[PDB]
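any chance you could fold what I've pasted below:
(7 chains)
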Amino acid sequence: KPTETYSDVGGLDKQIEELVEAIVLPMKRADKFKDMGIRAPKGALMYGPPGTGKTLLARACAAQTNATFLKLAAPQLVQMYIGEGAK
Amino acid sequence: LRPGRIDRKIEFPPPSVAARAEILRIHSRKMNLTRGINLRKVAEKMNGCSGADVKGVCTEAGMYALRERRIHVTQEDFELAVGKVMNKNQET
Amino acid sequence: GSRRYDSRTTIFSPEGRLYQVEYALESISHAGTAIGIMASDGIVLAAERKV
Amino acid sequence: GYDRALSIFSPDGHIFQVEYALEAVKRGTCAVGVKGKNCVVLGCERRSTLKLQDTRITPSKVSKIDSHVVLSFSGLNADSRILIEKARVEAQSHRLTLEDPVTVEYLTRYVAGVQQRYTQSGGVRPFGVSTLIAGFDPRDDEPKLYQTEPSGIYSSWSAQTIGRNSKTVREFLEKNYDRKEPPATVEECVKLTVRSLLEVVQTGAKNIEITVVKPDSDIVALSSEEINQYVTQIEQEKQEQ
Amino acid sequence: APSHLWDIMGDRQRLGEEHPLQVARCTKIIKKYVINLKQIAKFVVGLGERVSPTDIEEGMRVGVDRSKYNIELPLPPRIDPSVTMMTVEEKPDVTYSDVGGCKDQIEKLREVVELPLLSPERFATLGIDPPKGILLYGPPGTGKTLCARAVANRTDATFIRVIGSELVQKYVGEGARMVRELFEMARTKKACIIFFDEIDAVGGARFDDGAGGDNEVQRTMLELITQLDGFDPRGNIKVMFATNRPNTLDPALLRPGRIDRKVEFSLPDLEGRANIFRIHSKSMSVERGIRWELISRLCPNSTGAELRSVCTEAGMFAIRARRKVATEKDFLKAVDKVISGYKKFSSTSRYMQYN
Amino acid sequence: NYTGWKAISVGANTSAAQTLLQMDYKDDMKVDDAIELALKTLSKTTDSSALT
Amino acid sequence: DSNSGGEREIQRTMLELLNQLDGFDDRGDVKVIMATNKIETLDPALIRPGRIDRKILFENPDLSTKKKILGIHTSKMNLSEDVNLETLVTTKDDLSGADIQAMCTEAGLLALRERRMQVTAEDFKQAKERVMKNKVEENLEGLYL
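Residues are numbered from 1 along each chain as shown, chains lettered A, B, ... in the order given. The coordinates are given below.
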């Protein structure tokens, strides 16, 4: 768990509620979503201008949820060996 | 182009009827021929042909002889060899 | 923006000469030749057509 | 037409169009001239690269603007024609407008003033031509030699050269020639001009053109036979001294 | 002579069956250690005799015996790269006082780099965050690299200078490994300094259209930005970005949070160029009674690289002009030589503002 | 830019044609003799074999 | 077009030469000399001003310098009695130092066909004409006569 929480920023609550309905609610409420017959969201794309939110809000998602976190970097997926990038 | 690198520039003129006459007999000297042909008449029908085209006529001269199953090359093969090479130069 | 597509046909090179003028002189060597001679009783002109 | 400004200030404060235009003169023929007491002389060279040039039908390197004043250009022989034609029209215009013959000071300010327009006018390029205006004002025997730079700055000079090998001739005019004591005869002014051209023309005859300007509307251009007479006397006093 | 003393131990440190160790890396730890060899072979072993259970860490090179595999001694990780071993220099010749002038651009670099290293408890009272990165670009020829070697002298620690063409390697994807090579030593060697030279050939934002191959360069920055500012905010030392082309840089790279102090070199004024000739007056030969304020005044605004060429050429006139020491007359000739004579190309002097 | 020229050659092989015209140039050359000099220059300086 | 750098290899290769002449620590021992036909097309930042304090310009020699250059190539050459060095220099017009050696080499080849010990004057006359015509192609460039 990291040391960052949701209380270290402000004015981003509009975009925070989007992450609550993505990777947060399907964890506990998965039994509720099966009754409505809807599939849980598989992810969301967050871009914005560089230097706003992004990796900071991801730390709050890996903290308050208190779950496992596995980081996978995109530029680390390019290797000189054929097939190593897909492996 | 300036001096100090290439001290001699030789311009190669294109082959002619009199030029290809002596070239045709050299490449055909390594194969079977017939004294009933003409050296300057075969090269007269060809115009603007390079050195590889002259060897192509000599190379294809024995190809038509294999169809008739004969050990000699008469004027019939040279007339068919020139017509095949001239079509390759005019194509593409 | 009209500054990018403009190649600046007339400008001074760092050597102090013009670009397009030097390139226009090369077109004369790739074109038909023209020769003339001023004689005592007249002037003889000559040229040759290309291609 | 074309409204885009070619002249742009460099971050150092200079101008690319003005600075690079100065090298058109340094690559051109050497134009040197001197002034005496009652006389003034303007010399110029010719390119020896090409031969078979008819002298009579060839335009002179020193163009005549008026009877009492002339102009000697250098550098590019192309853009020099635009400055000469517009200066001759102003010569008749100033004579018509103010009913006065043009002077050397006014003609220099006009030629330099035209060059200052193209630098300040969007869509045109400055002249790469440096002109030397010399002559005698009406009812004045004092020669006025004014230099016109491609940048638009004009100045007066007793002995000044422009074109290739300028630094070699300028050092020659600052030693053997004195501004405070110029020669009082015409023959000494011609011999000094020939010596200044020996460090550039490098042993040539038909490539040397010298124009002598005299007051009272008198312009005499030295022929090929008259220039060689001064060359013979100088070469005998050069190697032997 | 020294080999004879080491031959006594040859009956032990050589003939022993321990020393022939096979180096490998432990992939999985179960507290049974899964260890992958260099031959593409794996095995599972336990601890050794002197091996401590807390010494073995996940993803660390661990040597084992060649015959019967057993853990013997741990080894530092990242043994493959040989390139970054030569990037660390020692004792640069340029000192802190070699930069000419009293200009305040010197005071800004020492407070963001030298101050937290020498006095880490000064900013701890206010509870602030010292700037992680800096910015030095300027026009070419102002002595920017002199300030980079001046800080390394006062630092008295590890200094790393990275070439802009060194990061991009001969394979696709190896440049991403080159970035992790630099930041791995930051945790190994604490309180060091990393420096990037000519980051323009590195920095991204080259877009796409028409080249088709520009995506290989931008992937280096995407690894560089990730290793700098990642998910886990991992950082310790200071990062220096230096290039002569600020225009072609990634506009995201210039955004703060990876860089705080921004210092761009300018052209020294009459008072700025005065100290340039004063620091050079202690060298060479200077005639007594010569005022250098008149020499710098006749010279217009130009880069600092052309200012030191004046004093270098000034001493070269005495050879041809037959002089004992450099006088004021030879100084005026350098103005028309170093400056006015060289005005044809071979110079910047505010030539490239952007590209 | 323009000046006067007694014998000038502008076109392909500029320096090649002006060399033959300068050596054979004469001040007393008439019109009939000038045609032969200009005709023989085009024959040697062309890219063809014969001259039609 | 057989070597493709994608315009990205342009900077990485050129800036490597710049970082070795600036960022590389040296006491002044390494001497790097660069010369070509035109250096103006190159990036002036790559020239690294202030490290190179010598800018040398070369032009075409005059009639006085060509007399000394011609005597150098003809020093080891056997010349006839009628061949004069000052005669060939006068004929030379707008020629560089490489054009002078070209005539001395071509004149040796003309006499090589006839196999003469001393090269006569008729060989130099035919050699100087072929160099400035077929061998050397003189363009107009900046001219304006």
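
which residues sit in contact with the residue nearest to residue F:9 when sequence neighbours are not counted?
Nearest residue to residue F:9, sequence neighbours excluded (Cβ to Cβ, 6 or more residues apart in numbering or on different chains): residue F:17, at 3.9 Å. Where C-beta positions appear, they are placed from N, C-alpha and C, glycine not excepted. Taking Cβ atoms under 8 Å, 6 or more residues apart in numbering or on different chains, we find residue F:17 in contact with C:33, C:35, F:9, F:11, F:41, F:45.

now a ChimeraX select for only the buried ones of those residues.
Selection command for ChimeraX covering only the buried members of the contacts of residue F:17, criterion 16 or more other Cβ atoms under 10 Å in any protein chain shown:
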select /C:33,35 /F:9,11,41,45
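
what's the most distant pair in the contacts of residue F:17?
F:11 and F:41 (11.1 Å; Cβ to Cβ).

what touches both of those two?
Counting by Cβ under 8 Å, 6+ apart, the contacts common to residue F:11 and residue F:41 are C:35, F:17.

phi, psi of the residue of chain G most remote from its centre?
The C-alpha centroid of chain G is most remote from residue G:25, which lies 34.7 Å away (Cα atoms, centre = their mean). Note on residue G:25: backbone dihedrals following degrees, to the nearest 10 are phi -80, psi 120.

surely it is in contact with residue E:93?
Yes - counting by Cβ atoms under 8 Å, residue G:25 does reach residue E:93; the two are 6.2 Å apart.

report the central residue of chain B.
Central residue of chain B (Cα atoms, centre = their mean): residue B:54, at 1.7 Å.

what sits against the residue nearest to that residue when sequence neighbours are not counted?
Nearest residue to residue B:54 in three dimensions, chain neighbours excluded: residue B:23, at 5.2 Å (Cβ to Cβ, 6+ apart). The contact partners of residue B:23, taken as Cβ under 8 Å, 6+ apart, are B:15, B:43, B:51, B:54.

inside helices: which ones of these?
For the contacts of residue B:23, the ones inside helices are B:43, B:51, B:54, with DSSP state H as the criterion.

and those residues, which is closest to chain F?
Checking the ones in helices among the contacts of residue B:23 against chain F with Cβ to the nearest Cβ, the nearest one is residue B:43 at 17.9 Å.

OK, contacts around that closest one?
Contacts for residue B:43 were tallied using Cβ under 8 Å, 6+ apart; they are B:17, B:20-21, B:23-24, B:54.

which of those residues lies closest to chain E?
Nearest member of the contacts of residue B:43 to chain E, counting by Cβ to the nearest Cβ, is residue B:54, at 44.8 Å.

secondary structure class for the residue nearest the centre of chain A?
Computing the C-alpha centroid of chain A and ranking residues by Cα atoms, centre = their mean puts residue A:58 first, at 5.4 Å. Classification of residue A:58 using DSSP: H, G, I helix; E, B strand; the rest coil returns helix.

could you do residue D:155 as well?
With three-state DSSP as the basis, residue D:155 sits in strand.

so in terms of bridging, what pairs with the nearest residue to it once chain neighbours are set aside?
Setting aside the residues directly before and after it, residue D:155 is nearest to residue D:147 in space (Cβ to Cβ, 6+ apart), at 5.3 Å. Per DSSP bridges, the residues bridged to residue D:147 are residue D:132, residue D:155.

can you tell me which residues contact residue D:147?
Here residue D:147 is in contact with D:130, D:132, D:154-157, D:160, D:162 (Cβ under 8 Å, 6+ apart).

would you mind listing what in chain D touches chain C?
Within chain D, the positions near chain C by Cβ under 8 Å from any Cβ of the partner chain are D:4, D:6, D:16-17, D:20-24, D:26-27, D:54, D:125, D:128.

residue E:63 - that's part of a strand, no?
Yes - applying three-state DSSP, one finds residue E:63 inside a strand.

contacts only, for the residue lying closest to residue E:212 once chain neighbours are set aside.
Computed as Cβ to Cβ, 6+ apart, the closest residue to residue E:212 that is not its neighbour in sequence is residue G:6, at 7.4 Å. Listed by Cβ under 8 Å, 6+ apart, the contact partners of residue G:6 are E:211-214, E:216.

assumed residue G:122 was part of a strand.
No - checked against three-state DSSP, residue G:122 lies outside a strand; its state is helix.

do you know how far it is from residue D:154?
57 Å (Cβ to Cβ, to the nearest Å).

of the two, which one has the most company?
Neighbours of residue G:122 and residue D:154, each counted by other Cβ atoms under 10 Å in any protein chain shown, are more numerous for residue D:154; the result is 18 against 14.

may I see the PyMOL selection of the buried members of the contacts of residue G:6?
Buried members of the contacts of residue G:6 can be picked out in PyMOL with the line below, counting by 16+ other Cβ under 10 Å:
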select buried, chain E and resi 214
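
show me which of the contacts of residue G:6 is closest to chain B.
Taking Cβ to the nearest Cβ as the measure, chain B sits nearest to residue E:212 out of those, at 29.8 Å.

can you tell me the SS state at the closest one?
Applying three-state DSSP: residue E:212 is coil.

which residues do residue G:25 and residue E:93 both contact?
With Cβ under 8 Å, 6+ apart as the test, residue G:25 and residue E:93 both reach residue E:149.

in terms of contact, does residue D:146 touch residue D:105 like I think?
Yes - in this structure, residue D:146 is within contact of residue D:105 by Cβ under 8 Å, at 7.2 Å.

for chain E, what's the nearest residue on chain G?
Proximity of chain G to chain E (Cβ to the nearest Cβ) peaks at residue G:50, 2.7 Å away.

for burial, what's the neighbour tally of that residue?
When neighbours are defined as other Cβ under 10 Å, residue G:50 has 26 of them.

let me see the contact set for the residue nearest to it when sequence neighbours are not counted.
Counting by Cβ to Cβ, 6+ apart, residue E:305 is the residue found nearest to residue G:50 once chain neighbours are left out, at 2.7 Å. By Cβ under 8 Å, 6+ apart, the contact list for residue E:305 reads E:140-143, G:48-51.

show me which residues of chain C sit near chain D.
By Cβ under 8 Å from any Cβ, the part of chain C that sits against chain D consists of C:2-3, C:6, C:8, C:10-17, C:38.

check contacts around residue E:44.
Here residue E:44 is in contact with E:32-35 (Cβ under 8 Å, 6+ apart).

if any of those are buried, give me the PyMOL selection for them.
The PyMOL command for the buried members of those (criterion: 16+ other Cβ under 10 Å) is given here:
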select buried, chain E and resi 33+35
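
could the contacts of residue E:44 go into CSV alongside secondary structure and distance to chain D?
Output for the contacts of residue E:44, formatted as CSV (DSSP: H, G, I helix; E, B strand; the rest coil; distance: Cβ to the nearest Cβ, whole Å):
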residue, secondary structure, distance to chain D
E:32, coil, 69
E:33, strand, 64
E:34, strand, 63
E:35, strand, 62
